[PDB]
Structure formats: structure tokens, C-alpha cells
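Comments concern the structure below.
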Amino acid sequence: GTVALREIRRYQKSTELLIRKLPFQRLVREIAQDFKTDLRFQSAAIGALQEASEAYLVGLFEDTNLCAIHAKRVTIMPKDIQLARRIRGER
Amino acid sequence: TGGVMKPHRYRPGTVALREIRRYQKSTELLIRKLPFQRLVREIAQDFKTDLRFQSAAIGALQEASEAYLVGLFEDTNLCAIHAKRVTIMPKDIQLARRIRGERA
Amino acid sequence: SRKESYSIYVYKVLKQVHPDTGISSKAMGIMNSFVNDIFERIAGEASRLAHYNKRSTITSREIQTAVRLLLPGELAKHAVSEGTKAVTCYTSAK
Amino acid sequence: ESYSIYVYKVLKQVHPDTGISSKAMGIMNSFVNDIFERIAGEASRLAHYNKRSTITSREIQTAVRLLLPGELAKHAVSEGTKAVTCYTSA
Amino acid sequence: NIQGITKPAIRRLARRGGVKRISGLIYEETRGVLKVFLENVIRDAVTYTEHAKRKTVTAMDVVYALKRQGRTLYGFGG
Amino acid sequence: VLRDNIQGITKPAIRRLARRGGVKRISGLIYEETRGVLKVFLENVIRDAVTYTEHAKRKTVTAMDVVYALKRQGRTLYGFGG
Amino acid sequence: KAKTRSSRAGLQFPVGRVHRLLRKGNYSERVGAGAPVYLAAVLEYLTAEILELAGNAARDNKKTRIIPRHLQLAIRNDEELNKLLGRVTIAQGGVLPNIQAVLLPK
Amino acid sequence: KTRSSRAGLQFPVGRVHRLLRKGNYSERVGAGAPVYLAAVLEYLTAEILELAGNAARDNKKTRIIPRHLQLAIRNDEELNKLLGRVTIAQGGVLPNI
């Protein structure tokens, strides 16, 4: 439990990206391949996608933590994920 | 010996589920017109007086307020169901507003 | 002065798709508001997207791309096909 | 085009001894462009509503009250008004 | 006249959303959030009217303000 | 060709992202759901970005298109132009 | 005989009106010729779909009157139409009947 | 000679006027609109840079970082209310446990 708070304190003060660059790059290319072939990508576009996806996931985890806190639990569950997404309006 | 046997009462929730079906089937306004009109005038008084409010503007405001409140209660019902309760509490209202972004 | 509306055309297409069904005045108002709102959305998206490529013209291409950007799913594809059908029909006549 | 020089001028006005990174400069440029787009678009929308073809100080002022929240907007409106009279008195 | 939004009315509004049980303390909370929402929409409609050089708020200002807040309303001349 | 690459988003990466959000304990079923959510979000952004590239007769996705597209999804990004 | 552009393209919606509104609605100095035809066709198809589903939903209710209730039913019961018209409130449309499963007694 | 010096502003009034003219918003633009818009932009940028410099000073730094901009924006009720739907690149998150 102690190192959980240590990880929270370390990562909430840091600003570098936490998603590894090359798997995310391959993921973006794999997703984009099935819309159009032979697609090129600027590096800045991949970086913008990485930053936006990280910000979105951080916000989703914060709202999910609020939902978990509501049910008198400390562990987040998938039902919290779809609860937050449903209330936030995603389908 | 002229007494009458009583039909007793319904369980808590039966008349609730009935009136749930009845109000979800019908579409009339649920807030009384005149108190809502007075409330809108009281809120509008604080900025600049002598402001006339067309009946259609008050009706549009009432429809928007009812839609907002119904949506908020649907989200709060989802919150209550998630916490293994059937009664909504103000903490669920605050949480629904928090996740919606309405409350900072 | 008068105020234009889409009431007659909505009634015409309703009579085309459902000959035995009429429509109330409130539903006419909702349909008019719906058509106007969709018009503003597509026109604004086309205007923006045209401004991105430093272009001065809204053509069929800009409207088609705006339709693909807004409409969600198969609806877009169906709309695009019919729109292309209308354009070539116009192009086939004079 | 960029707003780099003007942001540098106002930065050295408010903080002569403080520097700024290039990423912060890009952030400032994006922020200024976004705020400009919001205010100008809402002013145009107001001009379209009132059947007007001219954007004057009025619609800009009301767009500023519409978008910016609280005290901020008031001081901004005051600042804009002062600029207008400063323009008018020069 | 915030008390004019009476307890059966707010009970009906909660009932349309499918809610079975109502806490006793929730009514003040619903009155507060309704007041906040009405305050925001009324403020925006009032400044729209003041820009329009008018003394009477019309339905168009209300629908405009609501649509600008992402709460587009159909049926009132939009 | 690329096949089954979403698993490249590692489990410690999801752990770090949750730690940034203040989450104390993590269930074992969170990772697959998180991967699905990330895939949905990426697909939604990439669809609009590739449409913007196709209209301009370009063959490369630029940063501006990705910004414009997230802004069109209500996710405005500062720092990459606009 | 000066034939209307709507009759030329086989549409019911006014091509001239959308052309005038595009030209007068402060978007861009000049407007291409095919854009009003395309926009009118898109608006036609969409209004046809909405009115079709609404007439069907009225038909299950044994009614010959389309009311806002049927429009709300038609919009919310179709997945893609609900996705498109997500953030709109239909006046006098009501709410779809939905009661949760665990909300019910045992 | 310049309109900026006449209005006592550092932002370019001519640039705002040019963007309004070629931005396809309306047919004509009054003379007071670009001056007013430039003044609003200058006041807002001065406010946010002031709060960012204060945050940088509190963090014992001499150069403003996007971390400092994120902290300055998120610690201000009016600014974060204005910028609720904005995610700052390389900004991180606000420390909250």
C-alpha cells in the first residue's frame, strides 16, 4: 500500500509520457491501415495522438476512481469503466 | 355486526412502479406553470428590471429545465444502482454532476 | 413581411413515403427546426474545411466530405450515394 | 505567422527576469489563436442574428461578456473600453 | 419562490427518470441545481436581449442561449 | 501487415497511467477493457484525421489535421499548432 | 418553359432556397453550382428517413397523427439517428419507457 | 503613425484587422472591433503569463515550462472554468491525493 502512494506521488509530479513510443506508433499505423493503404505519418501527428490519448486515459481513470470511491471500495473494476463512459456519454 | 373489511395497503414500490409507468407513458409538463414563471421572473429581476418574458420563452425554459432534470435523475439512478442501493442520495447527485463536468 | 419555411416540402415527402398519414403542427415545427439545424451544421463544417485548404469555393466535394464528417455510419454512405446521384442527374440534364 | 514578439513584450513587461521555453511559446500561440477564433466567431454569429453586416465594438463587447466568465470579463471589458477611448483620444 | 417547486412535482420529475425511492434531503439539492441551471440560461438570454436593443425577452433568445450551451431545443422556431 | 498489436500497450503502462490518476488498487480485468477503450478512441480520432487528409489530396497525415480532428471531437490540443 | 432546378434534379426540396441561404449565410465569397443540389439531396434523404420511422412508430400506435412523441420514439429507437441527434431535446417528446432489471421486485 | 502606438497596445491591431477581413465572418468590420479584440487578447495573455510567472517563481525556476502553465491554469477558478475542455501538452496533471 505504501508504494502505491509513492507511485502516485512520483507520477503526478512528472510530465513525460508514460506510454511507450514504438508500440503506440505501430498501433496507430495498424488502425490507420484499414481506412486507407500506403499512409504516411508525420512524427508530430503521432506525438499529438499519444499526448491526447494519455490525457484522455488519465481523465477516465480519475473519474473511475471517483466511482470506485462511491461504492465504498478502493479497487477499480470494469463496471466503473462503463459507468463513467455511460454517464460521460460515450457508447 | 355491520363492519367493513379493509383492503389494506400496497407494498412500498408497487404504486411507485405504477406511477413510473404512467409518467413514462405520458408527456405533459410536470412543473406547475405559475410557480415556474414566478421563479424565472425572480431570477431575471437580479440583472435588469422591466424585462417582459413572452409565454413562449417561459415554455421553452420550462421544457429545457424538465429535460435537464430528467436526464440528471437518470444518471443519478444509474449511480444509485451502481452502489447497490435503490434510494438516491445527494452524494449521487454531486457525483453525477462531477463526472458530467457541470461541477468543477 | 413573410417568413419562409420547409413545411410544404416536408409534407410532400411525407405524402411520398406514407400516403395515408398526416402530421400535426408541432411535429411540423420540430421537422423545420431539425432541417434548419442540420443545414447550419453541414454548412459550417463545409465552410471551415474549405477555409483549411485556403479555398474560396464550396463545391460538391466539400459538402460530401462534411457529410462524411458529421453523419454517423451507414447513413453517411447512403446520403453520399444519393447526393452523387442527384449531381449527375443534374449534370445529365441542363 | 506567430505572436512570439508580442508575447515576449508582455512577458518582459510583467516579468523582466523570467524566460520562457519554445513549447510554452507554441502553447501561448495556440491559446491566443483559440481565444481569437472563439470571440470572432461569436461576434459574427451575433451579427448574423441581428441582421447586421458590420462588426463594431458592441458585438465584440457582448461576445466578450458571453464567453469569458466572471470578473475577468468585466476587467477585460473595462480594458477594451479604455483602449477604445485611448484610440479615440489619439 | 424557489419553494414553489413543490415536493410532489420534483417527485414526479424523479419518477419519470425511473427512480423508485427518494431521500428526504434530496429536494433542496434538486432545487439548488435547478436554480443554478436556470440562472445560467436566464443570464445568457438576458444579455442576448440587451444586445438586441429590446425590452422583451423572446423565445429565440432562449433557444439561442440553450443551443450555445450545447442543449439544442427543437420545436420553438430554431 | 500488422496483426494483434494492441497487446503492445503493456500492463505496467496502464499501471503508470492509473497511478497518475490517483488509483490505489487495480483489478485484473481492467487491462483488456482499457485496451478496448483506447482502441475505440483512437479509431474515432483517426477516422476524422484520415478524412481531412483525403479531401486535401495529400498522402501524409499532418499534425494540424490531428489537432483539428480532436478539436472537432471537443478535445482541443494546445502546443501543436492551430 | 423555365424549369425549376428541383425538377431538373428530381428533388422535392428547393435548390434555389438552399443556394440563396448558402450565398447569404456568410461562409465564403463564392459558392459552387453543385453544392446546393448536393445539400438539398442530403437534407431530403435525412428528412425522408426521420419521417418514415416516425410514421411507422405512429402505425404501431394505431394513430394517423404524427405527434412529437412519435418523433422522439423514432429518434431514440434508432442507434445511428440517436448518435447524430445526441445533444438535442425534443419538445413534448417525452422519454422512452425503460425500467432497470434489478429495480424490479422479486 | 501605427495604430498600436495610438491605442497604447503591444498587439498588432492591423494583424487582427487583416484576420477579420480575410476570415469570412462578415462583409465589413468597424474600426473599434480590432482595437477592442487586441486589448482583450493582451489583458488575457498578461493575466495568464502573470500567474505562470508566479508559479515558476514558487517552483524556484527561471524559465516557464508547460508544467507551470498547466499549474497556473488549473489553480485558477476563472481560468480553468474558461479552459475546462483543454488538455495542455507536456502539462501533466494537478497533484491531488
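We number chain A the way Swiss-Prot does; in order, the residues shown are 45-135.
Determined via electron microscopy, 3.4 Å.
For all residues, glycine too, the Cβ spot is worked out from N, Cα and C.
Annotated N6-(2-hydroxyisobutyryl)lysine per Swiss-Prot: A:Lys57 (among others), in sequence order. Summarising the environment of A:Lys57 (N6-(2-hydroxyisobutyryl)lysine), the number of other Cβ atoms within 10 Å of its Cβ, over all protein chains shown, is 12.
A:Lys57 (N6-(2-hydroxyisobutyryl)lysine) falls within a helix when secondary structure is assigned with DSSP. Taken from Swiss-Prot, the feature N6,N6,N6-trimethyllysine applies to A:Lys57 (among others).
Residues or ranges marked as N6-succinyllysine in Swiss-Prot: A:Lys57 (among others).
For A:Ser58 (phosphoserine), no same-chain residue lying six or more positions away in sequence has a CB closer than 8 A to its CB. Annotation comment: Swiss-Prot describes A:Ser58 (among others) as phosphoserine.
In this view, A:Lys80 (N6,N6-dimethyllysine) is surrounded by 13 other Cβ atoms within 10 Å of its Cβ, with every protein chain counted. What Swiss-Prot records for A:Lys80 is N6,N6-dimethyllysine, and it gives experimental evidence as the kind of evidence.
Per Swiss-Prot, the feature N6,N6,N6-trimethyllysine maps to A:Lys80 (among others). The secondary structure of A:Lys80 (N6,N6-dimethyllysine), as reduced to three states from DSSP, is coil rather than helix or strand.
The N6-(beta-hydroxybutyryl)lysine feature in Swiss-Prot is assigned to A:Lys80 (among others).
Positions annotated as phosphothreonine by Swiss-Prot, on the basis of experimental evidence: A:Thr81 (among others).
Residues within less than 8 Å, Cβ to Cβ, of A:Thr108 (phosphothreonine) and separated from it by at least 6 positions along the same chain comprise A:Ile120, A:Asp124, A:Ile125, A:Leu127, A:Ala128. Annotation source Swiss-Prot lists phosphothreonine at A:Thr108 (among others), citing similarity to another entry.
Note on A:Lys123 (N6-succinyllysine): other Cβ atoms within 10 Å of its Cβ, all shown chains, come to 16. Under the DSSP three-state reduction, A:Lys123 (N6-succinyllysine) is assigned to helix. Annotated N6-succinyllysine per Swiss-Prot: A:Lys123 (among others), in sequence order.
Among the features that Swiss-Prot reports, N6-(beta-hydroxybutyryl)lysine is placed at A:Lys123 (among others), with the record citing experimental evidence.
Per Swiss-Prot, the feature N6-glutaryllysine maps to A:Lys123 (among others).
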Cβ packing number for A:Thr81 (phosphothreonine), 10 Å threshold: 7
Sites among the modified residues A:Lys57, A:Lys80, A:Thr81, A:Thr108, A:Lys123 close to chain F [C-beta, under 8 Å]: A:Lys80, A:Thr108
Between A:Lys57 (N6-(2-hydroxyisobutyryl)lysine) and A:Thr81 (phosphothreonine): CA-CA distance (Å): 40
Length of the line joining the Cα atoms of A:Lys80 (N6,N6-dimethyllysine) and A:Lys57 (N6-(2-hydroxyisobutyryl)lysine), in Å: 40
